[PDB]
Amino acid sequence: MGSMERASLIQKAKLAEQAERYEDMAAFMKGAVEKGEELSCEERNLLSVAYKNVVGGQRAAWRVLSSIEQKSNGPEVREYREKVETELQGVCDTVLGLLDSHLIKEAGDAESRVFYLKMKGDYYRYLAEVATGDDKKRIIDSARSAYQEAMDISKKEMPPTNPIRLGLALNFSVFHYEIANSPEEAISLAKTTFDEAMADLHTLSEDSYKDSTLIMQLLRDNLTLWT
Amino acid sequence: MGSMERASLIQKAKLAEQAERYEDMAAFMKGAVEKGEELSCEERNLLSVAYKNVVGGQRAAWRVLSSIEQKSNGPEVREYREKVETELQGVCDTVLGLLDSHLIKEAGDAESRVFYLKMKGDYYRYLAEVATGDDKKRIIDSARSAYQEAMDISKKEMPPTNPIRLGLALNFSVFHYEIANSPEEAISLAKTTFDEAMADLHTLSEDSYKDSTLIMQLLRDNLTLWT
Amino acid sequence: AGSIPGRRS
Amino acid sequence: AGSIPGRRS
Ligand SMILES: *Cc1ccc(S(=O)(=O)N2CCOc3ccc(F)cc32)cc1
Ligand SMILES: *Cc1ccc(S(=O)(=O)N2CCOc3ccc(F)cc32)cc1
Ligand SMILES: [Cl-]
Ligand SMILES: [Cl-]
Ligand SMILES: [Mg+2]
Ligand SMILES: [Mg+2]
């Protein structure tokens with residue numbers, strides 16, 4: 001995308017989302033990041049939406065294939081699961097590479113830095129879902145470390161109802177439950193996040209209230225599933 | 001896919017469908033066709049399902065972008081619609097190339113030959129949806145010619161309830177209404193097809209009855225929309 | 001209107 | 001369980 005203007009890449013990413021062309025969306029946003037400038041709030045959301053949808057489809061396909069493979073236990077199911085797995089790992093590596101070169105290091109405001117560190121935690125989490133053995137350990141720790149740094153900044157710099165802070169806590173709680181084998185930590189984090197947000201809703205406008213309560217309901221939905 | 005066994009390609013196409021990986025599915029089935037052997041009934045369905053889903057997603061994206069472009073009337077919307085359009089045309093050309101090299105010429109039984117000629121009509125129809133001007137004319141005629149040959153064989157060789165004969169009539173009726181500007185021909189074909197199938201249902205088993213009545217309802221749904 | 005689907009569903 | 005969606009919908 002080196003020959004396309006930054007503004008044209010952003011415009012085409014928005015069109016790609018409307019057309020449900022998420023692979024295109026992700027390619028346009030990768031090209032925009034590679035222009036080297038920082039991303040605005042809206043541009044960060046386009047980047048995240050694009051790759052979350054691409055990797056979300058890969059994850060769903062990997063889970064279908066992994067289920068068939070486990071029931072089976074010729075080489076074809078394993079070979080095809082491996083193919084999908086390699087593709088998924090490649091997309092995660094691409095996103096992590098954008099964050100490392102150089103989105104995180106240039107992000108100084110709490111909103112941007114937390115957003116990118118939450119993404120870093122998420123893409124290491126997706127790598128951990130398909131990892132085995134000792135590789136799993138260092139990948140799991142990388143996710144943990146990114147989420148922890150994001151949590152530390154969010155608790156110092158953002159109110160407890162901030163939607164980025166809430167979504168980070170939601171995703172880190174999923175990490176604890178599904179990856180780290182720490183269901184009690186997951187439940188504790190979701191409960192404390194929910195309760196601290198509840199106590200701060202009185203400060204918010206109608207539109208901010210709607211955003212914060214939407215994510216609080218996601219925390220509650222997980223707590224209902226886990227308890 | 002030249003180095004993968006035919007049977008492995010077929011197996012992986014079935015896995016790809018289960019995983020909703022239709023681009024993979026289509027690539028596996030293209031590789032299977034290119035082995036040079038004829039396709040069984042089930043294999044013909046895998047080929048059609050794969051490419052119908054790939055091109056169906058492209059068509060939906062092209063329609064979203066075409067709508068935005070028409071409302072707008074910078075270059076970005078037109079450029080991106082053109083990109084999606086070129087991709088769509090490339091997939092249609094690939095399918096038409098498989099049919100021409102050499103699926104149709106080797107298909108002697110009525111079920112196979114009608115199936116492939118219906119596909120040929122459909123992929124020229126998808127090309128016609130995005131074509132303009134005089135290019136449109138020869139593309140429209142190519143669709144018409146393929147559907148007409150399929151109709152002639154189906155009426156001589158298949159009962160009026162045969163699901164391939166019914167789906168061919170359904171799609172040719174859509175061609176008349178949406179491409180050829182012949183709504184009366186479309187309505188006439190759908191009505192006569194429906195009525196002739198109704199009169200032959202008494203000959204069918206429970207499972208065949210279910211198949212034929214399902215497609216008859218699709219004909220009826222179009223007639224209700226068009227009248 | 002509607003053309004034939006890939007599968008009965 | 002559920003993680004954050006890409007958009008509010
Ligand atoms: C990680 C993250 C959390 C929140 C946002 S958002 O505020 O921009 N937004 C978009 C993502 O999904 C949402 C659900 C509910 C909500 F209230 C806001 C959002 C972005 C990223
Ligand atoms: C073109 C065509 C028509 C019918 C079939 S099928 O009999 O194998 N089949 C699969 C496609 O969708 C269907 C809908 C309803 C039905 F009864 C049968 C089918 C395949 C291709
Ligand atoms: Cl900065
Ligand atoms: Cl033959
Ligand atoms: Mg420039
Ligand atoms: Mg062989």
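Both backbone and side-chain heavy atoms feed into the values below; hydrogens, waters and symmetry mates do not. Proteins get letters first, then strands, A, B, ... in listed order; numbering begins at 1 in each.
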Practice task
Kindly write out the residues that satisfy ring pair (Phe, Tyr, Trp, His ring centres under 6.0 Å) with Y123(B), not counting sequence neighbours, or none if the list is empty.
Solution key: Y126(B)

Exercise for the section: Inspect the surroundings of CD in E20(B) and state if more than 12 heavy atoms from other residues, nucleotides or ligands are less than 6.0 Å away. Expected result: no

Problem - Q217(B) atom CD, over 12 foreign heavy atoms within 6.0 Å - result: yes

Handout entry: Euclidean distance, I4(C) CD1 relative to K118(B) NZ, rounded to 0.5 Å
Key = 5.0 Å

Fill in the blank from the handout: Taken to the nearest 0.5 Å, the spacing of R8(C) CZ from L214(B) CG works out to 8.0 Å

Practice task
Using a 4.5 Å cut-off on heavy atoms from C-beta on, say whether the side chain of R125(B) contacts that of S3(C).
Solution key: yes

Completion exercise
Residue set satisfying side-chain contact (heavy atoms from CB on, under 4.5 Å) with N222(B), at least two apart, ordered chain then number -> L170(B), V174(B), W226(B), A1(C)

Problem - Donor-acceptor contact below 3.5 Å, side chain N53(B) vs main chain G6(C) - result: no

